[PDB]
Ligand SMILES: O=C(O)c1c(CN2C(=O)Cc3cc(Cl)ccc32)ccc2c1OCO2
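Presented as structure tokens, the chain that follows is alone, the form deposited without this ligand.
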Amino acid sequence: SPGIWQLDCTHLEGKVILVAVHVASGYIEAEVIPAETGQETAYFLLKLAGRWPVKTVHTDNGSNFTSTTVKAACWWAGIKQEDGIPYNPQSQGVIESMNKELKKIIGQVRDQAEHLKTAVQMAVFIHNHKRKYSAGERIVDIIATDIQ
């Protein structure tokens, strides 16, 4: 459970926002990319796994699940790649709500930033600090408890 992440891809301003959600906490990392390729997804996962103890990733679609570049990155970083099929059917809706929430925050800050990527990182900041404990506090506690 402390090592489980979910990939999520959403669209805005003709660009792609790639999101990784730490399932147990709601903590996110996100990046803007031109389009979702295996290459971009692989690089994003490498970055993520160097920063947090990523054990399992539920991939966002079959193309990234199949991608040999994504598979190579998961092998390199010690990540178990799984499908992201919501067998638990509250998963679809929960991701959906987050995408809407994220886009809402992006809209609230969009004017403060010249570039979309900046607005997205502002949204990541606001999302992870929002007291609901915050997601940032929850992920740290979950992983610390797991280490001890």
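Position 1 is the first residue in the sequence shown; the rest follow in order.
Colleague: Between residue 132 and residue 133, count the deposited residues left without coordinates and pick a bin: none, 1 to 3, 4 to 9, 10 or more.
Modeller: The entry leaves 4 to 9 residues without coordinates here.
Colleague: Going by the average Cα B-factor in the PDB entry, point out whether 13-21 or 120-128 comes out higher.
Modeller: Averaging CA B-factors over each stretch, the winner is 13-21.
Colleague: Should the higher mean CA B-factor in the entry be assigned to 95-103 or to 43-51?
Modeller: Looking at the record's C-alpha B-factors, the answer is 95-103.
Colleague: Of 69, 61, 37, 90, which one's C-alpha B factor is largest in the deposited record?
Modeller: Out of 69, 61, 37, 90, the record gives the largest C-alpha B-factor to 90.
Colleague: Check where residue 4 lands among this chain's C-alpha B-factors and tell me if it's the lowest, middle or highest third.
Modeller: Middle third.
Colleague: When the deposited Cα B-factors of this chain's modelled residues are ordered and cut into thirds, is residue 28 in the lowest, the middle or the highest one?
Modeller: Lowest third of the chain for residue 28's C-alpha B-factor.
What follows is about the form deposited with this ligand bound, which we do not show.
Colleague: Give a yes or no for residue 82: in the deposited bound form, does one of its heavy atoms lie within 4.5 Å of a heavy atom belonging to this ligand?
Modeller: No - in the deposited bound form, heavy atoms of residue 82 and this ligand never come within 4.5 Å of each other.
Colleague: May I ask you to check whether residue 97 falls inside a 4.5 Å heavy atom distance of this ligand in the deposited bound form?
Modeller: Looking in the deposited bound form, residue contacts with this ligand include residue 97, since a heavy atom lies within 4.5 Å.
Colleague: Does this ligand come within 4.5 Å of any heavy atom of residue 26 in the deposited bound form?
Modeller: Output for residue 26 is yes: heavy atoms within 4.5 Å of this ligand.
Colleague: In sequence order, which positions of 97-131 have a non-hydrogen atom within 4.5 Å of this ligand in the deposited bound form?
Modeller: Read in sequence order, the residues that approach this ligand (within 4.5 Å, in the deposited bound form) are 97, 98, 101, 102, 127.
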